[PDB]
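Participant: Next comes the structure file final.cif, holding mmCIF, C-alpha atoms.
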```
data_work
loop_
_atom_site.label_atom_id
_atom_site.label_comp_id
_atom_site.auth_asym_id
_atom_site.auth_seq_id
_atom_site.Cartn_x
_atom_site.Cartn_y
_atom_site.Cartn_z
CA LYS U 1 -22.46 55.84 -29.38
CA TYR U 2 -24.08 59.22 -30.08
CA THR U 3 -22.81 62.68 -29.20
CA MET U 4 -25.03 65.75 -28.87
CA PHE U 5 -24.20 66.78 -32.41
CA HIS U 6 -25.56 63.53 -33.88
CA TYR U 7 -29.04 63.95 -32.43
CA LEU U 8 -28.96 67.45 -33.82
CA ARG U 9 -28.17 65.95 -37.26
CA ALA U 10 -30.85 63.31 -36.88
CA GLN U 11 -33.22 66.27 -36.80
CA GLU U 12 -32.21 67.57 -40.24
CA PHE U 13 -33.26 66.77 -43.79
CA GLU U 14 -32.54 67.97 -47.31
CA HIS U 15 -35.38 69.71 -49.17
CA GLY U 16 -36.89 67.24 -51.62
CA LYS U 17 -39.97 65.96 -53.40
CA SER U 18 -40.41 63.03 -51.00
CA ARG U 19 -42.75 62.96 -48.04
CA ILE U 20 -40.58 63.11 -44.94
CA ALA U 21 -41.63 61.40 -41.71
CA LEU U 22 -40.78 62.14 -38.07
CA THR U 23 -39.44 59.20 -36.02
CA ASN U 24 -38.65 58.51 -32.36
CA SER U 25 -35.76 56.20 -33.23
CA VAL U 26 -32.55 58.17 -33.52
CA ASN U 27 -30.67 55.50 -35.44
CA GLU U 28 -33.46 55.31 -38.01
CA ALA U 29 -33.47 59.08 -38.46
CA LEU U 30 -29.75 59.21 -39.37
CA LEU U 31 -29.61 56.37 -41.89
CA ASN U 32 -32.49 57.88 -43.90
CA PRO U 33 -32.55 61.37 -45.48
CA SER U 34 -36.33 61.12 -45.43
CA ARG U 35 -36.78 60.04 -41.78
CA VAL U 36 -36.29 62.87 -39.24
CA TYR U 37 -35.79 62.49 -35.45
CA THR U 38 -38.05 63.97 -32.83
CA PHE U 39 -38.24 64.13 -29.04
CA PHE U 40 -41.96 64.70 -29.34
CA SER U 41 -44.45 62.01 -28.28
CA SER U 42 -45.24 58.90 -30.27
CA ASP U 43 -48.78 60.32 -30.42
CA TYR U 44 -47.36 63.35 -32.21
CA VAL U 45 -45.37 61.16 -34.57
CA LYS U 46 -48.50 59.23 -35.65
CA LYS U 47 -50.57 62.40 -36.11
CA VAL U 48 -48.16 63.90 -38.69
CA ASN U 49 -47.20 60.78 -40.57
CA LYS U 50 -50.84 59.90 -41.27
CA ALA U 51 -51.89 61.14 -44.72
CA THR U 52 -54.73 63.65 -44.68
CA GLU U 53 -57.89 64.21 -46.76
CA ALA U 54 -58.32 67.69 -48.25
CA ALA U 55 -61.39 68.39 -46.12
CA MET U 56 -59.75 67.68 -42.77
CA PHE U 57 -56.64 69.67 -43.75
CA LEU U 58 -57.07 72.98 -41.93
CA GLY U 59 -58.40 71.01 -38.96
CA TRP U 60 -55.26 68.92 -39.08
CA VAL U 61 -53.14 72.07 -39.10
CA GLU U 62 -55.00 73.31 -36.04
CA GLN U 63 -54.20 70.20 -33.99
CA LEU U 64 -50.53 70.00 -34.91
CA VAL U 65 -49.98 73.62 -33.83
CA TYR U 66 -51.85 72.80 -30.63
CA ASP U 67 -49.84 69.60 -30.22
CA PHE U 68 -46.59 71.40 -31.05
CA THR U 69 -47.23 74.03 -28.42
CA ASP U 70 -48.33 71.38 -25.97
CA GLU U 71 -45.16 69.36 -26.38
CA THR U 72 -42.85 72.34 -26.55
CA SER U 73 -44.22 74.16 -23.53
CA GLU U 74 -44.16 71.09 -21.39
CA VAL U 75 -42.99 71.86 -17.86
CA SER U 76 -42.59 69.58 -14.88
CA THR U 77 -42.42 71.32 -11.49
CA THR U 78 -41.39 68.51 -9.16
CA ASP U 79 -39.70 70.14 -6.19
CA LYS U 80 -37.67 67.21 -4.95
CA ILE U 81 -34.59 69.05 -6.28
CA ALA U 82 -32.61 71.70 -4.43
CA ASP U 83 -33.00 75.15 -6.00
CA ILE U 84 -34.42 73.84 -9.27
CA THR U 85 -38.19 74.25 -9.34
CA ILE U 86 -38.88 73.87 -13.06
CA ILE U 87 -37.70 71.09 -15.35
CA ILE U 88 -38.01 70.72 -19.09
CA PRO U 89 -38.24 66.98 -19.57
CA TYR U 90 -37.67 66.82 -23.28
CA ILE U 91 -34.23 68.37 -23.16
CA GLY U 92 -32.38 65.08 -22.57
CA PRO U 93 -34.21 63.18 -25.33
CA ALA U 94 -33.51 66.14 -27.65
CA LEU U 95 -29.74 66.48 -27.23
CA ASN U 96 -28.70 63.20 -25.60
CA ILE U 97 -28.05 64.83 -22.22
CA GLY U 98 -29.87 62.64 -19.71
CA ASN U 99 -29.26 59.65 -21.93
CA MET U 100 -25.56 60.08 -21.16
CA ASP U 101 -33.41 56.85 -19.93
CA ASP U 102 -35.10 59.01 -17.37
CA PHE U 103 -34.04 62.60 -17.45
CA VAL U 104 -36.03 64.18 -14.80
CA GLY U 105 -35.14 61.20 -12.75
CA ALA U 106 -31.56 61.95 -13.54
CA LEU U 107 -31.68 65.54 -12.30
CA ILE U 108 -33.29 64.51 -9.03
CA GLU U 109 -30.60 61.98 -8.25
CA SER U 110 -27.51 63.69 -9.62
CA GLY U 111 -28.41 67.39 -9.67
CA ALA U 112 -27.41 69.96 -12.28
CA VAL U 113 -24.07 68.19 -12.81
CA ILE U 114 -25.68 66.08 -15.51
CA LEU U 115 -25.82 69.01 -17.96
CA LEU U 116 -22.04 69.26 -18.17
CA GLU U 117 -20.19 67.15 -20.67
CA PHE U 118 -16.98 68.25 -18.95
CA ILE U 119 -16.84 68.50 -15.19
CA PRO U 120 -14.79 71.55 -14.10
CA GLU U 121 -12.05 71.51 -11.47
CA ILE U 122 -13.91 71.80 -8.19
CA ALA U 123 -11.24 71.32 -5.52
CA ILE U 124 -9.96 74.40 -3.74
CA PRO U 125 -6.39 74.10 -2.40
CA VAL U 126 -5.56 74.45 1.27
CA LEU U 127 -5.25 78.09 2.24
CA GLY U 128 -2.18 78.56 4.39
CA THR U 129 -1.55 81.26 6.95
CA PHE U 130 2.19 81.61 6.50
CA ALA U 131 2.17 85.07 4.94
CA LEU U 132 0.28 86.51 7.94
CA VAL U 133 2.25 84.51 10.46
CA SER U 134 5.36 85.96 8.91
CA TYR U 135 3.69 89.36 8.79
CA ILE U 136 3.09 89.67 12.50
CA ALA U 137 6.11 87.62 13.48
CA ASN U 138 8.28 90.15 15.25
CA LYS U 139 6.03 93.13 14.68
CA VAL U 140 5.27 95.34 17.66
CA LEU U 141 1.58 94.80 18.26
CA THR U 142 -0.82 97.63 17.37
CA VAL U 143 -4.38 98.30 16.31
CA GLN U 144 -3.28 98.67 12.70
CA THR U 145 -1.33 95.40 12.76
CA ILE U 146 -4.47 93.51 13.76
CA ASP U 147 -6.64 95.43 11.36
CA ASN U 148 -4.30 94.68 8.46
CA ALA U 149 -4.28 90.98 9.31
CA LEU U 150 -8.04 91.06 9.23
CA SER U 151 -8.29 93.01 5.93
CA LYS U 152 -5.96 90.42 4.41
CA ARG U 153 -8.31 87.73 5.66
CA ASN U 154 -11.17 89.55 4.04
CA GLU U 155 -9.21 89.83 0.85
CA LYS U 156 -8.65 86.14 0.87
CA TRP U 157 -12.31 85.34 1.01
CA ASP U 158 -12.72 87.76 -1.81
CA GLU U 159 -10.05 86.03 -3.85
CA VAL U 160 -11.46 82.54 -3.40
CA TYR U 161 -14.95 83.67 -4.39
CA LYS U 162 -13.62 85.41 -7.49
CA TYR U 163 -11.71 82.28 -8.40
CA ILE U 164 -14.72 80.04 -8.04
CA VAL U 165 -17.18 82.35 -9.79
CA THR U 166 -14.75 82.78 -12.68
CA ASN U 167 -14.25 79.05 -13.02
CA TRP U 168 -18.03 78.78 -13.07
CA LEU U 169 -18.39 81.57 -15.62
CA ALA U 170 -15.75 80.11 -17.91
CA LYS U 171 -16.34 76.37 -17.66
CA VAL U 172 -19.96 75.95 -16.57
CA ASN U 173 -22.18 78.63 -18.07
CA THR U 174 -20.48 78.35 -21.43
CA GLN U 175 -21.45 74.68 -21.48
CA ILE U 176 -25.00 75.37 -20.36
CA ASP U 177 -25.25 78.27 -22.82
CA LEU U 178 -24.42 75.71 -25.48
CA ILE U 179 -27.43 73.63 -24.52
CA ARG U 180 -29.51 76.80 -24.69
CA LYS U 181 -28.06 77.74 -28.08
CA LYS U 182 -28.68 74.21 -29.37
CA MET U 183 -32.14 73.70 -27.89
CA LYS U 184 -33.21 76.66 -29.98
CA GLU U 185 -31.85 74.76 -32.96
CA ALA U 186 -33.63 71.52 -32.18
CA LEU U 187 -36.91 73.38 -31.77
CA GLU U 188 -36.36 75.35 -34.96
CA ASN U 189 -35.62 72.11 -36.79
CA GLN U 190 -38.86 70.55 -35.62
CA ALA U 191 -40.75 73.60 -36.88
CA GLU U 192 -39.08 73.36 -40.28
CA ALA U 193 -39.76 69.61 -40.47
CA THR U 194 -43.42 70.00 -39.56
CA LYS U 195 -43.83 72.89 -42.01
CA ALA U 196 -42.35 70.44 -44.53
CA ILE U 197 -44.62 67.45 -43.87
CA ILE U 198 -47.69 69.71 -44.06
CA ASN U 199 -46.73 71.67 -47.18
CA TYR U 200 -46.12 68.29 -48.78
CA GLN U 201 -49.72 67.13 -48.40
CA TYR U 202 -51.13 70.48 -49.55
CA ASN U 203 -49.06 70.17 -52.73
CA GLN U 204 -50.82 66.97 -53.66
CA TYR U 205 -54.23 68.62 -53.57
CA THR U 206 -55.86 69.31 -56.93
CA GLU U 207 -55.83 73.02 -57.82
CA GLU U 208 -59.61 73.38 -57.82
CA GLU U 209 -59.34 71.52 -54.52
CA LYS U 210 -56.21 73.47 -53.60
CA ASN U 211 -57.74 76.75 -54.82
CA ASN U 212 -60.49 76.53 -52.18
CA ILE U 213 -58.24 77.11 -49.17
CA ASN U 214 -55.04 79.10 -48.99
CA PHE U 215 -52.07 77.56 -47.23
CA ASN U 216 -50.71 80.80 -45.78
CA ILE U 217 -47.44 79.29 -44.61
CA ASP U 218 -46.22 82.71 -43.45
CA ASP U 219 -49.08 82.46 -40.96
CA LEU U 220 -48.10 78.90 -39.97
CA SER U 221 -44.33 79.35 -39.65
CA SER U 222 -45.02 82.53 -37.72
CA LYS U 223 -47.31 80.75 -35.27
CA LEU U 224 -44.62 78.12 -34.87
CA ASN U 225 -42.00 80.77 -34.09
CA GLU U 226 -44.08 82.23 -31.21
CA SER U 227 -44.65 78.77 -29.76
CA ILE U 228 -40.87 78.26 -29.62
CA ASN U 229 -40.24 81.67 -28.05
CA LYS U 230 -42.54 80.56 -25.26
CA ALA U 231 -40.53 77.34 -24.96
CA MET U 232 -37.19 79.12 -24.85
CA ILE U 233 -38.59 81.12 -21.97
CA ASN U 234 -39.16 77.90 -20.02
CA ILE U 235 -35.82 76.54 -21.08
CA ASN U 236 -33.90 79.69 -20.16
CA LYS U 237 -35.62 79.90 -16.81
CA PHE U 238 -34.66 76.26 -16.21
CA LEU U 239 -31.08 76.63 -17.32
CA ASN U 240 -30.35 79.67 -15.20
CA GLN U 241 -31.78 77.83 -12.23
CA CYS U 242 -29.38 74.95 -12.92
CA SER U 243 -26.46 77.31 -13.34
CA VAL U 244 -26.87 79.06 -9.99
CA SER U 245 -27.72 75.69 -8.47
CA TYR U 246 -24.42 74.15 -9.53
CA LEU U 247 -22.54 77.23 -8.44
CA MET U 248 -23.97 77.40 -4.95
CA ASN U 249 -24.32 73.70 -4.09
CA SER U 250 -21.40 72.20 -5.94
CA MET U 251 -18.71 74.86 -6.30
CA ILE U 252 -18.81 77.61 -3.65
CA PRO U 253 -19.09 75.26 -0.64
CA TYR U 254 -15.63 73.87 -1.35
CA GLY U 255 -14.16 77.36 -1.11
CA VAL U 256 -16.06 78.05 2.03
CA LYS U 257 -14.86 74.97 3.83
CA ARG U 258 -11.30 76.02 3.08
CA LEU U 259 -11.88 79.63 4.06
CA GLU U 260 -13.46 78.57 7.35
CA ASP U 261 -10.37 76.41 8.02
CA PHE U 262 -8.25 79.48 7.21
CA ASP U 263 -10.15 81.80 9.59
CA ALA U 264 -9.73 79.18 12.31
CA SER U 265 -5.94 78.96 11.89
CA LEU U 266 -5.54 82.69 11.63
CA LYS U 267 -7.62 83.03 14.78
CA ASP U 268 -5.30 80.86 16.81
CA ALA U 269 -2.31 82.73 15.45
CA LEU U 270 -3.55 86.20 16.20
CA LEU U 271 -4.87 85.38 19.66
CA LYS U 272 -1.54 83.82 20.56
CA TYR U 273 0.16 86.88 19.05
CA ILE U 274 -1.98 89.12 21.24
CA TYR U 275 -1.43 87.15 24.44
CA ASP U 276 2.31 86.78 23.83
CA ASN U 277 2.41 90.53 23.50
CA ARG U 278 -0.23 91.71 26.03
CA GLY U 279 2.41 93.56 27.98
CA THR U 280 2.46 96.32 25.42
CA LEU U 281 -1.00 97.14 26.72
CA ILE U 282 0.01 96.67 30.34
CA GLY U 283 -1.67 93.28 29.97
CA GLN U 284 -5.12 94.47 29.04
CA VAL U 285 -5.96 93.18 25.55
CA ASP U 286 -9.58 92.19 25.92
CA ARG U 287 -10.80 94.45 23.12
CA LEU U 288 -8.30 93.14 20.54
CA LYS U 289 -9.19 89.55 21.47
CA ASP U 290 -12.88 90.31 21.08
CA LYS U 291 -12.26 91.94 17.72
CA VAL U 292 -10.49 89.01 16.12
CA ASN U 293 -12.97 86.63 17.69
CA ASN U 294 -16.05 88.43 16.30
CA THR U 295 -14.55 89.06 12.92
CA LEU U 296 -13.33 85.53 12.29
CA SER U 297 -16.43 83.87 13.65
CA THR U 298 -18.54 85.06 10.73
CA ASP U 299 -18.19 84.10 7.07
CA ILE U 300 -17.74 86.90 4.55
CA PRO U 301 -21.03 87.08 2.63
CA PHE U 302 -20.94 85.98 -0.98
CA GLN U 303 -22.47 88.49 -3.41
CA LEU U 304 -22.97 87.13 -6.92
CA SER U 305 -23.77 90.71 -7.97
CA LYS U 306 -20.03 91.56 -7.72
CA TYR U 307 -19.29 89.46 -10.73
CA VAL U 308 -22.54 89.41 -12.66
CA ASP U 309 -24.87 92.10 -14.01
CA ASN U 310 -27.29 89.61 -15.58
CA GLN U 311 -30.97 89.93 -14.65
CA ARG U 312 -31.83 86.21 -14.75
CA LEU U 313 -28.81 84.94 -12.84
CA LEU U 314 -29.09 87.48 -10.04
CA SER U 315 -32.80 86.99 -9.36
CA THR U 316 -32.19 83.23 -9.32
CA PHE U 317 -29.44 83.89 -6.83
CA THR U 318 -31.77 86.15 -4.80
CA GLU U 319 -34.19 83.23 -4.55
CA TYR U 320 -31.29 81.13 -3.34
CA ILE U 321 -30.65 83.34 -0.30
CA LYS U 322 -33.85 82.50 1.58
#
```
Show how you would write the structure in this file as structure tokens.

Facilitator:
Amino acid sequence: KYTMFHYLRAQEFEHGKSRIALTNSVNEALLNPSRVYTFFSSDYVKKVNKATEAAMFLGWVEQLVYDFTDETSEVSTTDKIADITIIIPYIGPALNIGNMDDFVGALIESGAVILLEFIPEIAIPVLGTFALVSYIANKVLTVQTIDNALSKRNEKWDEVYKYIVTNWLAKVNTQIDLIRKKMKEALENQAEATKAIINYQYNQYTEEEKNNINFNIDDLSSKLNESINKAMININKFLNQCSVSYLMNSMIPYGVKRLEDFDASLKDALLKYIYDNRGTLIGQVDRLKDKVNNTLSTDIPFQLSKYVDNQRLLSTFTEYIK
């Protein structure tokens, strides 16, 4: 029915003489150049649509800015979700994300996946051990032979991580960044549409009446800009949490299962290689055995900081590690 870009158009209007009115019905917003969509509360809708006496005008303005900031800075902190501690509930209603009708519900059941319009390729192919099997095949056993095999194994873990993180960088964050980029738009639209409904009423006030109080829209718009900045802070925090969440719970584990399988196979190989050739050490190979056993028994730690210099992403990842 409605893509993200339609909701974002429901939230626009052409400058005109008419009084424009916010509405919670998306369909209604689109079919009328006067009606504008909002993800704000029905209480907020009512409060702006209602026509306002000249006396109660500045007091009106006060409440809307309070209501704006209340609605915008909304923050749920339900901690039923893994590695997402903050939610911004109005995101879905604003961009048709969690309506793709309970958002926060949607995150709790399905995780951060629900932000992606396009699910990336998650499967990691089987990692074979043929290259190393061939490498040691009729090689006289030495310390360096075993150490090479093990550096190669390290390198493999490094390759799979790089693969996964890059997939994530390219296909996931770009998508999420789009939500961020667009959320800023939706919020800025709502500011422009409220500034419009207000400055409409004020320009129906008689000049002697109007002359009494000065509109000072550069004050208003400005106060609306700071309320948004505060909202983007919540949104960004949230988004980066979701990013690292998806990465660590829904992407990296697939690599790690495969890498573990790889270590395992390599282990068998090398230990057999060492026993088959123990006679080069007059039969005493206990150290070499212990080396491959220790090395391959522990996963190579994943450091997001290899790939990313971002402040937000790395701290979110730091929080992940405990």

Participant: Leaving out stretch 256-258 of chain U and any residue of its chain fewer than 6 positions from it, which residues lie within 10 Å of it when counting only C-alpha atoms, given as a count of residues only?

Facilitator: 13

Participant: Hey, what's within 10 Å of stretch 5-13 of chain U if we count all atoms listed in the file and toss same-chain stuff fewer than 6 positions away? As a PDB file with C-alpha atoms, in the frame of the given file, please?

Facilitator:
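Written out: out27.pdb:
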```pdb
ATOM      1  CA  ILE U  20     -40.580  63.110 -44.940  1.00  0.00           C
ATOM      2  CA  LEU U  22     -40.780  62.140 -38.070  1.00  0.00           C
ATOM      3  CA  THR U  23     -39.440  59.200 -36.020  1.00  0.00           C
ATOM      4  CA  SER U  25     -35.760  56.200 -33.230  1.00  0.00           C
ATOM      5  CA  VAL U  26     -32.550  58.170 -33.520  1.00  0.00           C
ATOM      6  CA  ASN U  27     -30.670  55.500 -35.440  1.00  0.00           C
ATOM      7  CA  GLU U  28     -33.460  55.310 -38.010  1.00  0.00           C
ATOM      8  CA  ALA U  29     -33.470  59.080 -38.460  1.00  0.00           C
ATOM      9  CA  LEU U  30     -29.750  59.210 -39.370  1.00  0.00           C
ATOM     10  CA  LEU U  31     -29.610  56.370 -41.890  1.00  0.00           C
ATOM     11  CA  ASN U  32     -32.490  57.880 -43.900  1.00  0.00           C
ATOM     12  CA  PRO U  33     -32.550  61.370 -45.480  1.00  0.00           C
ATOM     13  CA  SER U  34     -36.330  61.120 -45.430  1.00  0.00           C
ATOM     14  CA  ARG U  35     -36.780  60.040 -41.780  1.00  0.00           C
ATOM     15  CA  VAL U  36     -36.290  62.870 -39.240  1.00  0.00           C
ATOM     16  CA  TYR U  37     -35.790  62.490 -35.450  1.00  0.00           C
ATOM     17  CA  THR U  38     -38.050  63.970 -32.830  1.00  0.00           C
ATOM     18  CA  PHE U  39     -38.240  64.130 -29.040  1.00  0.00           C
ATOM     19  CA  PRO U  93     -34.210  63.180 -25.330  1.00  0.00           C
ATOM     20  CA  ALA U  94     -33.510  66.140 -27.650  1.00  0.00           C
ATOM     21  CA  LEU U  95     -29.740  66.480 -27.230  1.00  0.00           C
ATOM     22  CA  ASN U  96     -28.700  63.200 -25.600  1.00  0.00           C
ATOM     23  CA  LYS U 182     -28.680  74.210 -29.370  1.00  0.00           C
ATOM     24  CA  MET U 183     -32.140  73.700 -27.890  1.00  0.00           C
ATOM     25  CA  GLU U 185     -31.850  74.760 -32.960  1.00  0.00           C
ATOM     26  CA  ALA U 186     -33.630  71.520 -32.180  1.00  0.00           C
ATOM     27  CA  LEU U 187     -36.910  73.380 -31.770  1.00  0.00           C
ATOM     28  CA  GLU U 188     -36.360  75.350 -34.960  1.00  0.00           C
ATOM     29  CA  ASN U 189     -35.620  72.110 -36.790  1.00  0.00           C
ATOM     30  CA  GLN U 190     -38.860  70.550 -35.620  1.00  0.00           C
ATOM     31  CA  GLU U 192     -39.080  73.360 -40.280  1.00  0.00           C
ATOM     32  CA  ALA U 193     -39.760  69.610 -40.470  1.00  0.00           C
ATOM     33  CA  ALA U 196     -42.350  70.440 -44.530  1.00  0.00           C
TER      34      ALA U 196
END
```

Participant: From the options U:74, U:83, U:117, U:62, which residue's atoms come nearest to residue U:320, counting only C-alpha atoms?

Facilitator: U:83

Participant: Taking 2 positions as the minimum chain separation for residues in the same chain, which residues sit within 10 Å of residue U:92 when counting all atoms listed in the file? Answer as an NGL selection string.

Facilitator: :U and (4 or 39 or 88-90 or 94-104 or 106 or 114-115)

Participant: Please, what distance in Å, to one decimal, runs between atom CA of residue U:64 and atom CA of residue U:238?

Facilitator: 25.3 Å

Participant: Neighbours of residue U:224 within 10 Å (all atoms listed in the file; same-chain residues fewer than 2 positions away dropped), as a list in words?

Facilitator: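 Here the answer would be residues 65, 66, 68, 69, 187, 188, 190, 191, 192, 194, 195, 218, 219, 220, 221, 222, 226, 227, 228 and 229 of chain U.
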
Participant: How would you write, as a PyMOL selection string, the residues chosen by the PyMOL selection byres ((chain U and resi 303-317) around 10) on this structure?

Facilitator: chain U and resi 83-84+158+161-162+165-166+169+236-237+239-245+247-248+300-302+318-322

Participant: Of the residues U:225, U:168, U:214, U:142, which is the one nearest to residue U:281, using all atoms listed in the file?

Facilitator: U:142

Participant: Taking (-15.9, 69.4, -19.0) in the file's coordinates, which residues come within 9 Å, counting all atoms listed in the file, written as a PyMOL selection string?

Facilitator: chain U and resi 116-121+171-172+175

Participant: Which distance in Å separates atom CA of residue U:253 and atom CA of residue U:271, to one decimal?

Facilitator: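 Value for the atom CA of residue U:253-atom CA of residue U:271 distance: 26.8 Å.
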
Participant: So what do you get for atom CA of residue U:16 versus atom CA of residue U:54, distance-wise?

Facilitator: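 It comes out at 21.7 Å.
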
Participant: So which residues get picked by the PyMOL selection byres ((chain U and resi 133) around 12) here, written as a list in words?

Facilitator: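 Applying the expression gives residues 128, 129, 130, 131, 132, 134, 135, 136, 137, 138, 139, 145, 146, 149, 152, 265, 266, 267, 268, 269, 270, 271, 272 and 273 of chain U.
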
Participant: My list of candidates is U:24, U:202, U:18, U:173. Which is closest to residue U:56 when distances are computed with only C-alpha atoms?

Facilitator: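 Closest candidate: U:202.
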
Participant: Nearest residue to residue U:156 out of U:212, U:15, U:263, U:40, using only C-alpha atoms?

Facilitator: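 Among the listed residues, the smallest separation from residue U:156 belongs to U:263.
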